[PDB]
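Printed here is run-v4.cif (mmCIF, N, CA, C and O atoms):
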```cif
data_protein
#
loop_
_atom_site.label_atom_id
_atom_site.label_comp_id
_atom_site.auth_asym_id
_atom_site.auth_seq_id
_atom_site.Cartn_x
_atom_site.Cartn_y
_atom_site.Cartn_z
N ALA I 2 118.75 7.94 -21.46
CA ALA I 2 118.52 8.25 -22.87
C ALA I 2 117.46 7.34 -23.46
O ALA I 2 116.58 6.85 -22.74
N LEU I 3 117.54 7.11 -24.76
CA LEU I 3 116.58 6.22 -25.42
C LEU I 3 116.79 4.78 -24.97
O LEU I 3 117.92 4.32 -24.80
N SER I 4 115.68 4.07 -24.77
CA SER I 4 115.74 2.66 -24.43
C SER I 4 115.10 1.82 -25.52
O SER I 4 115.73 0.88 -26.04
N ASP I 5 113.86 2.15 -25.89
CA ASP I 5 113.12 1.44 -26.93
C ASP I 5 113.03 -0.06 -26.66
O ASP I 5 112.90 -0.87 -27.58
N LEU I 6 113.12 -0.43 -25.38
CA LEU I 6 112.93 -1.81 -24.97
C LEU I 6 111.46 -2.22 -25.01
O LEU I 6 111.16 -3.42 -25.05
N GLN I 7 110.56 -1.24 -25.00
CA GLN I 7 109.13 -1.53 -24.92
C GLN I 7 108.64 -2.29 -26.15
O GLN I 7 108.03 -3.36 -26.02
N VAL I 8 108.92 -1.77 -27.34
CA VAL I 8 108.44 -2.34 -28.58
C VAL I 8 109.63 -2.84 -29.38
O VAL I 8 110.64 -2.13 -29.53
N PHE I 9 109.54 -4.07 -29.86
CA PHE I 9 110.57 -4.67 -30.71
C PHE I 9 109.99 -4.87 -32.10
O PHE I 9 109.48 -5.94 -32.44
N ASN I 10 110.07 -3.81 -32.92
CA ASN I 10 109.68 -3.91 -34.32
C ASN I 10 110.48 -5.00 -35.02
O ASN I 10 109.92 -5.85 -35.72
N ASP I 11 111.79 -4.99 -34.82
CA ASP I 11 112.66 -6.07 -35.25
C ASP I 11 113.67 -6.34 -34.15
O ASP I 11 113.82 -5.55 -33.21
N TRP I 12 114.36 -7.47 -34.26
CA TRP I 12 115.30 -7.88 -33.22
C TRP I 12 116.51 -6.96 -33.24
O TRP I 12 117.23 -6.89 -34.24
N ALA I 13 116.74 -6.27 -32.13
CA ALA I 13 117.79 -5.26 -32.01
C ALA I 13 117.71 -4.27 -33.16
O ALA I 13 118.70 -3.94 -33.82
N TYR I 14 116.49 -3.78 -33.40
CA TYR I 14 116.19 -2.94 -34.55
C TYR I 14 116.79 -1.55 -34.32
O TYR I 14 116.12 -0.59 -33.91
N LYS I 15 118.10 -1.45 -34.55
CA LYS I 15 118.82 -0.18 -34.44
C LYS I 15 118.76 0.35 -33.01
O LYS I 15 119.05 1.53 -32.76
N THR I 16 118.39 -0.51 -32.06
CA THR I 16 118.01 -0.04 -30.73
C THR I 16 119.19 0.58 -30.00
O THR I 16 119.05 1.61 -29.34
N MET I 17 120.37 -0.04 -30.11
CA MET I 17 121.58 0.47 -29.49
C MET I 17 122.78 -0.23 -30.10
O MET I 17 122.71 -1.42 -30.41
N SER I 18 123.85 0.52 -30.29
CA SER I 18 125.14 -0.06 -30.65
C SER I 18 126.27 0.63 -29.90
O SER I 18 127.44 0.42 -30.26
N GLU I 19 125.96 1.44 -28.89
CA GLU I 19 126.92 2.28 -28.18
C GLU I 19 127.89 2.89 -29.19
O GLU I 19 129.09 2.60 -29.23
N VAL I 20 127.31 3.69 -30.08
CA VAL I 20 127.99 4.06 -31.32
C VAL I 20 129.28 4.80 -31.03
O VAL I 20 130.30 4.58 -31.71
N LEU I 21 129.29 5.67 -30.03
CA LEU I 21 130.47 6.47 -29.73
C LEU I 21 130.25 7.19 -28.41
O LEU I 21 129.12 7.54 -28.06
N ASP I 22 131.34 7.41 -27.68
CA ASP I 22 131.28 8.09 -26.40
C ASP I 22 131.99 9.44 -26.38
O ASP I 22 131.93 10.13 -25.36
N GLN I 23 132.64 9.80 -27.49
CA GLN I 23 133.41 11.08 -27.54
C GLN I 23 132.66 12.09 -28.41
O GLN I 23 132.08 11.68 -29.43
N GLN I 24 132.67 13.37 -28.02
CA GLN I 24 132.03 14.42 -28.86
C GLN I 24 132.88 14.60 -30.12
O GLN I 24 134.08 14.93 -29.97
N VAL I 25 132.29 14.39 -31.30
CA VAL I 25 133.08 14.47 -32.57
C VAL I 25 132.43 15.51 -33.49
O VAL I 25 132.89 15.64 -34.64
N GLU I 26 131.41 16.22 -33.00
CA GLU I 26 130.76 17.29 -33.81
C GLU I 26 131.62 18.55 -33.73
O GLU I 26 131.15 19.55 -33.16
N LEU I 27 132.84 18.50 -34.28
CA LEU I 27 133.76 19.66 -34.26
C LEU I 27 134.29 19.90 -35.68
O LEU I 27 135.50 19.71 -35.89
N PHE I 28 133.41 20.29 -36.60
CA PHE I 28 133.82 20.49 -38.02
C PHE I 28 133.11 21.72 -38.60
O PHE I 28 131.94 21.94 -38.25
N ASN I 29 133.80 22.48 -39.45
CA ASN I 29 133.18 23.66 -40.12
C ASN I 29 132.59 24.60 -39.06
O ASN I 29 133.34 25.00 -38.15
N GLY I 30 131.30 24.92 -39.18
CA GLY I 30 130.66 25.87 -38.24
C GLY I 30 130.78 25.43 -36.79
O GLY I 30 130.89 26.31 -35.92
N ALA I 31 130.75 24.11 -36.55
CA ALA I 31 130.89 23.59 -35.17
C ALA I 31 132.19 24.12 -34.56
O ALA I 31 132.18 24.47 -33.36
N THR I 32 133.26 24.19 -35.35
CA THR I 32 134.55 24.76 -34.86
C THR I 32 134.68 26.21 -35.34
O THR I 32 135.81 26.73 -35.28
N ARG I 33 133.58 26.82 -35.77
CA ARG I 33 133.61 28.23 -36.25
C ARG I 33 134.60 28.35 -37.41
O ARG I 33 135.25 29.41 -37.52
N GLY I 34 134.72 27.30 -38.23
CA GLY I 34 135.62 27.33 -39.40
C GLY I 34 137.03 26.89 -39.04
O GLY I 34 137.82 26.64 -39.98
N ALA I 35 137.34 26.79 -37.75
CA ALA I 35 138.71 26.41 -37.31
C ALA I 35 139.07 25.05 -37.91
O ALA I 35 140.13 24.96 -38.56
N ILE I 36 138.21 24.05 -37.72
CA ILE I 36 138.44 22.71 -38.34
C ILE I 36 137.39 22.54 -39.45
O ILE I 36 136.28 22.08 -39.14
N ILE I 37 137.73 22.92 -40.68
CA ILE I 37 136.74 22.87 -41.80
C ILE I 37 136.74 21.47 -42.42
O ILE I 37 137.81 21.02 -42.86
N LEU I 38 135.57 20.81 -42.44
CA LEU I 38 135.45 19.47 -43.07
C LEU I 38 134.91 19.65 -44.49
O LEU I 38 133.75 20.08 -44.62
N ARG I 39 135.72 19.33 -45.51
CA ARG I 39 135.29 19.57 -46.91
C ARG I 39 135.29 18.26 -47.71
O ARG I 39 135.68 17.22 -47.14
N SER I 40 134.86 18.31 -48.97
CA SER I 40 134.85 17.13 -49.83
C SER I 40 135.29 17.58 -51.22
O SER I 40 134.47 17.99 -52.04
N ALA I 41 136.60 17.50 -51.48
CA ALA I 41 137.19 17.86 -52.77
C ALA I 41 138.44 17.00 -52.96
O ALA I 41 139.42 17.13 -52.24
N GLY I 42 138.39 16.11 -53.94
CA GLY I 42 139.48 15.17 -54.13
C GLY I 42 140.67 15.82 -54.83
O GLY I 42 140.53 16.83 -55.53
N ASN I 43 141.84 15.23 -54.63
CA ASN I 43 143.06 15.61 -55.32
C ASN I 43 143.97 14.39 -55.44
O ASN I 43 143.92 13.47 -54.62
N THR I 44 144.80 14.39 -56.47
CA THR I 44 145.54 13.20 -56.85
C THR I 44 146.85 13.08 -56.08
O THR I 44 147.23 13.96 -55.30
N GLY I 45 147.55 11.98 -56.31
CA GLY I 45 148.85 11.76 -55.70
C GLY I 45 148.75 11.59 -54.20
O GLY I 45 147.70 11.23 -53.66
N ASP I 46 149.85 11.86 -53.51
CA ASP I 46 149.87 11.83 -52.06
C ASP I 46 150.18 13.18 -51.44
O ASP I 46 150.62 13.22 -50.29
N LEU I 47 149.97 14.28 -52.16
CA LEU I 47 150.26 15.61 -51.65
C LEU I 47 149.32 16.60 -52.32
O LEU I 47 148.47 16.24 -53.13
N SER I 48 149.47 17.87 -51.94
CA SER I 48 148.77 18.98 -52.59
C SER I 48 149.60 20.23 -52.31
O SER I 48 149.57 20.76 -51.20
N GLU I 49 150.33 20.70 -53.32
CA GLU I 49 151.26 21.80 -53.15
C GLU I 49 150.70 23.06 -53.80
O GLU I 49 150.26 23.03 -54.96
N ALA I 50 150.71 24.16 -53.06
CA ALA I 50 150.34 25.47 -53.57
C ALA I 50 151.50 26.43 -53.33
O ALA I 50 152.22 26.32 -52.33
N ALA I 51 151.69 27.36 -54.26
CA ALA I 51 152.78 28.32 -54.19
C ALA I 51 152.23 29.73 -54.08
O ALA I 51 151.30 30.10 -54.79
N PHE I 52 152.82 30.51 -53.18
CA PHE I 52 152.45 31.91 -53.00
C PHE I 52 153.70 32.72 -52.73
O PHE I 52 154.70 32.21 -52.21
N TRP I 53 153.65 34.00 -53.08
CA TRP I 53 154.81 34.86 -52.98
C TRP I 53 155.14 35.16 -51.52
O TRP I 53 154.29 35.07 -50.63
N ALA I 54 156.40 35.51 -51.27
CA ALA I 54 156.90 35.77 -49.94
C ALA I 54 156.95 37.27 -49.66
O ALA I 54 156.85 38.10 -50.57
N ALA D 2 73.01 24.41 39.27
CA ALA D 2 74.44 24.20 39.11
C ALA D 2 74.73 23.24 37.96
O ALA D 2 73.85 22.48 37.54
N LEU D 3 75.95 23.29 37.44
CA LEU D 3 76.33 22.41 36.34
C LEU D 3 76.48 20.96 36.78
O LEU D 3 76.38 20.06 35.94
N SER D 4 76.70 20.72 38.07
CA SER D 4 76.86 19.34 38.54
C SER D 4 75.56 18.55 38.42
O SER D 4 75.60 17.33 38.25
N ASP D 5 74.42 19.22 38.50
CA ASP D 5 73.14 18.52 38.41
C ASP D 5 72.75 18.22 36.98
O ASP D 5 71.84 17.42 36.74
N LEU D 6 73.41 18.85 36.01
CA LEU D 6 73.06 18.69 34.60
C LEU D 6 73.94 17.63 33.97
O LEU D 6 75.17 17.65 34.13
N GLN D 7 73.32 16.69 33.26
CA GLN D 7 74.08 15.69 32.52
C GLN D 7 74.63 16.30 31.24
O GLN D 7 73.87 16.59 30.31
N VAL D 8 75.94 16.49 31.20
CA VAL D 8 76.59 17.15 30.07
C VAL D 8 77.18 16.10 29.14
O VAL D 8 77.85 15.15 29.57
N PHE D 9 76.91 16.26 27.85
CA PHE D 9 77.46 15.40 26.81
C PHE D 9 78.49 16.20 26.03
O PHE D 9 78.26 17.38 25.73
N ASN D 10 79.61 15.57 25.70
CA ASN D 10 80.60 16.21 24.85
C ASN D 10 80.34 15.86 23.39
O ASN D 10 79.81 14.80 23.07
N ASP D 11 80.72 16.78 22.50
CA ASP D 11 80.53 16.55 21.08
C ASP D 11 81.51 15.51 20.56
O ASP D 11 82.62 15.34 21.08
N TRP D 12 81.08 14.80 19.52
CA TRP D 12 81.91 13.78 18.89
C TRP D 12 81.50 13.68 17.43
O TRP D 12 80.34 13.94 17.08
N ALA D 13 82.46 13.31 16.59
CA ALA D 13 82.19 13.19 15.17
C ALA D 13 83.23 12.27 14.56
O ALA D 13 84.28 11.99 15.15
N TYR D 14 82.93 11.78 13.36
CA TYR D 14 83.85 10.99 12.56
C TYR D 14 84.18 11.79 11.31
O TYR D 14 83.34 11.93 10.42
N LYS D 15 85.40 12.32 11.24
CA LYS D 15 85.78 13.24 10.18
C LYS D 15 86.19 12.52 8.90
O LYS D 15 86.69 13.18 7.98
N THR D 16 85.99 11.21 8.83
CA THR D 16 86.16 10.38 7.63
C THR D 16 87.37 10.79 6.79
O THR D 16 87.27 11.21 5.64
N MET D 17 88.55 10.66 7.40
CA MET D 17 89.80 10.92 6.70
C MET D 17 90.84 9.89 7.11
O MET D 17 90.74 9.24 8.15
N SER D 18 91.86 9.75 6.26
CA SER D 18 93.03 8.94 6.57
C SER D 18 94.24 9.57 5.89
O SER D 18 94.12 10.24 4.87
N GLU D 19 95.42 9.34 6.48
CA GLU D 19 96.64 9.99 6.04
C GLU D 19 97.46 9.05 5.16
O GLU D 19 97.85 7.96 5.61
N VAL D 20 97.71 9.47 3.92
CA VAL D 20 98.23 8.55 2.91
C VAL D 20 99.64 8.09 3.25
O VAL D 20 99.91 6.89 3.33
N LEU D 21 100.56 9.03 3.49
CA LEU D 21 101.94 8.70 3.83
C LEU D 21 102.64 9.98 4.26
O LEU D 21 102.04 11.05 4.33
N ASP D 22 103.94 9.85 4.53
CA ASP D 22 104.74 10.96 5.05
C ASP D 22 105.64 11.58 3.99
O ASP D 22 105.68 12.81 3.86
N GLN D 23 106.37 10.76 3.23
CA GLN D 23 107.30 11.28 2.23
C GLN D 23 106.54 11.72 0.98
O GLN D 23 105.32 11.56 0.87
N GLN D 24 107.28 12.28 0.02
CA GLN D 24 106.70 12.79 -1.22
C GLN D 24 106.94 11.77 -2.33
O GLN D 24 108.08 11.40 -2.60
N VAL D 25 105.86 11.33 -2.96
CA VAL D 25 105.92 10.36 -4.05
C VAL D 25 105.38 10.95 -5.35
O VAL D 25 105.39 10.27 -6.38
N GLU D 26 104.89 12.19 -5.32
CA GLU D 26 104.54 12.89 -6.55
C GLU D 26 105.76 13.10 -7.43
O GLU D 26 105.67 13.01 -8.66
N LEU D 27 106.91 13.36 -6.81
CA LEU D 27 108.11 13.78 -7.51
C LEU D 27 108.78 12.57 -8.14
O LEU D 27 109.88 12.19 -7.75
N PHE D 28 108.11 11.96 -9.12
CA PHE D 28 108.53 10.67 -9.65
C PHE D 28 108.70 10.64 -11.16
O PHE D 28 109.63 10.01 -11.65
N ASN D 29 107.84 11.32 -11.92
CA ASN D 29 107.95 11.33 -13.37
C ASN D 29 107.37 12.63 -13.89
O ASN D 29 106.37 13.14 -13.37
N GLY D 30 108.01 13.17 -14.92
CA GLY D 30 107.65 14.49 -15.40
C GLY D 30 108.24 15.56 -14.50
O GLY D 30 108.89 16.50 -14.97
N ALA D 31 108.01 15.43 -13.19
CA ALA D 31 108.70 16.27 -12.22
C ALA D 31 110.20 16.02 -12.23
O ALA D 31 110.96 16.89 -11.78
N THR D 32 110.64 14.87 -12.71
CA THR D 32 112.06 14.55 -12.81
C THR D 32 112.57 14.54 -14.24
O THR D 32 113.65 13.99 -14.48
N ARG D 33 111.83 15.12 -15.18
CA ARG D 33 112.28 15.25 -16.57
C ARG D 33 112.66 13.91 -17.19
O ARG D 33 113.65 13.81 -17.92
N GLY D 34 111.89 12.87 -16.91
CA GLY D 34 112.09 11.57 -17.50
C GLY D 34 113.24 10.78 -16.92
O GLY D 34 113.59 9.72 -17.46
N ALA D 35 113.85 11.26 -15.83
CA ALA D 35 114.89 10.49 -15.16
C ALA D 35 114.34 9.19 -14.62
O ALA D 35 114.98 8.14 -14.71
N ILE D 36 113.14 9.23 -14.05
CA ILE D 36 112.44 8.05 -13.55
C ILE D 36 111.12 7.93 -14.30
O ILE D 36 110.35 8.89 -14.37
N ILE D 37 110.86 6.74 -14.85
CA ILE D 37 109.74 6.51 -15.75
C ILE D 37 108.77 5.52 -15.11
O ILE D 37 109.20 4.55 -14.47
N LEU D 38 107.48 5.77 -15.29
CA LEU D 38 106.42 4.81 -14.95
C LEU D 38 105.62 4.55 -16.22
O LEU D 38 104.61 5.20 -16.49
N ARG D 39 106.07 3.58 -17.00
CA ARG D 39 105.33 3.11 -18.15
C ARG D 39 104.57 1.84 -17.77
O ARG D 39 104.84 1.22 -16.74
N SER D 40 103.62 1.45 -18.61
CA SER D 40 102.63 0.45 -18.21
C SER D 40 102.79 -0.82 -19.04
O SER D 40 101.80 -1.46 -19.42
N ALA D 41 104.03 -1.20 -19.31
CA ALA D 41 104.33 -2.45 -20.00
C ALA D 41 104.90 -3.44 -19.00
O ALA D 41 105.89 -3.16 -18.32
N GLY D 42 104.26 -4.60 -18.90
CA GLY D 42 104.69 -5.65 -17.99
C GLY D 42 105.31 -6.81 -18.75
O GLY D 42 104.97 -7.08 -19.90
N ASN D 43 106.22 -7.51 -18.07
CA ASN D 43 106.99 -8.58 -18.69
C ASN D 43 106.71 -9.89 -17.97
O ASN D 43 106.57 -9.94 -16.75
N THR D 44 106.64 -10.96 -18.76
CA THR D 44 106.36 -12.28 -18.22
C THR D 44 107.63 -12.89 -17.62
O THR D 44 108.71 -12.30 -17.64
N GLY D 45 107.48 -14.11 -17.09
CA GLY D 45 108.60 -14.74 -16.43
C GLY D 45 109.01 -13.96 -15.19
O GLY D 45 108.18 -13.40 -14.46
N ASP D 46 110.31 -13.94 -14.95
CA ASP D 46 110.89 -13.19 -13.85
C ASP D 46 111.96 -12.21 -14.30
O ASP D 46 112.70 -11.68 -13.47
N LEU D 47 112.04 -11.93 -15.60
CA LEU D 47 113.18 -11.21 -16.15
C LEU D 47 112.92 -10.94 -17.63
O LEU D 47 112.08 -11.59 -18.26
N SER D 48 113.64 -9.96 -18.17
CA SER D 48 113.59 -9.65 -19.60
C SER D 48 114.97 -9.21 -20.06
O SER D 48 115.77 -8.71 -19.26
N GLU D 49 115.25 -9.39 -21.35
CA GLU D 49 116.58 -9.15 -21.89
C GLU D 49 116.50 -8.57 -23.30
O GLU D 49 115.49 -8.67 -23.99
N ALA D 50 117.61 -7.95 -23.71
CA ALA D 50 117.78 -7.39 -25.05
C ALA D 50 119.26 -7.26 -25.34
O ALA D 50 120.07 -7.13 -24.41
N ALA D 51 119.63 -7.27 -26.62
CA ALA D 51 121.02 -7.22 -27.04
C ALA D 51 121.29 -5.98 -27.89
O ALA D 51 120.42 -5.53 -28.65
N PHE D 52 122.50 -5.44 -27.76
CA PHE D 52 122.87 -4.21 -28.46
C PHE D 52 124.28 -4.22 -29.05
O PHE D 52 124.76 -3.17 -29.49
N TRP D 53 124.95 -5.37 -29.08
CA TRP D 53 126.16 -5.57 -29.88
C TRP D 53 127.31 -4.64 -29.51
O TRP D 53 128.14 -4.33 -30.37
N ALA D 54 127.38 -4.21 -28.25
CA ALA D 54 128.59 -3.65 -27.64
C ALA D 54 129.20 -2.61 -28.58
O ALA D 54 128.49 -1.70 -29.02
#
```
Turn this file's structure into structure tokens for me.
Amino acid sequence: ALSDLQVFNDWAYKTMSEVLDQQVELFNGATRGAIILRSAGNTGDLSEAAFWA
Amino acid sequence: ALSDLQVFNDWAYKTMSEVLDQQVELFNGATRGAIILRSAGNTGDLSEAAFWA
């Protein structure tokens, strides 16, 4: 993969941090909507919705 | 008769030499960047870099 050992713009300038080894791109379209990643806050420690039976 | 004639055989110098036996073209680009030949040299006997694990 990327090495960037050739040029050192700065010392360890974002060159590597072994950021992660597991595939984690599984959200929204990546999971075809199966695992939807959203951003909408709600209060308390729950979120209750009611629908008819 | 041919025995009475002084016969000379042909000779020439074909000015060639054989580079090697194995294939060394298949080294970069042919290997999709798996093996790289860049032209940066390092002093001392070694080089190092850090990436914070």
When you get a sec, could you note down which chain I residues fall within 8 Å of chain D, using only C-alpha atoms, as number ranges by chain? I: 6-7, 13, 16-19
So what do you get for atom O of residue 3 (chain I) versus atom N of residue 32 (chain D), distance-wise?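 If I compute the distance from atom O of residue 3 (chain I) to atom N of residue 32 (chain D), I get 17.6 Å.
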How far apart are chain I and chain D by Cα RMSD after a least-squares superposition over every Cα, paired in order?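 Fitting chain D to chain I over paired C-alpha atoms yields 10.4 Å.
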For a test of reading the model, state the distance in Å between atom O of residue 8 (chain I) and atom N of residue 46 (chain D), rounded to one decimal. 18.8 Å
Per-axis box centre and lengths in Å around region 25-42 of chain D, 6 Å margin per side, axis-aligned, as lines of an AutoDock Vina configuration file:
```
center_x = 108.4
center_y = 4.9
center_z = -11.5
size_x = 25.2
size_y = 36.0
size_z = 29.0
```
Expressed in Å, the length from CA of residue 33 (chain D) to CA of residue 5 (chain I) is 17.3 Å
So which bits of chain I end up helix (DSSP H, G or I) when you DSSP the backbone, as a ChimeraX atom specification? /I:29-32
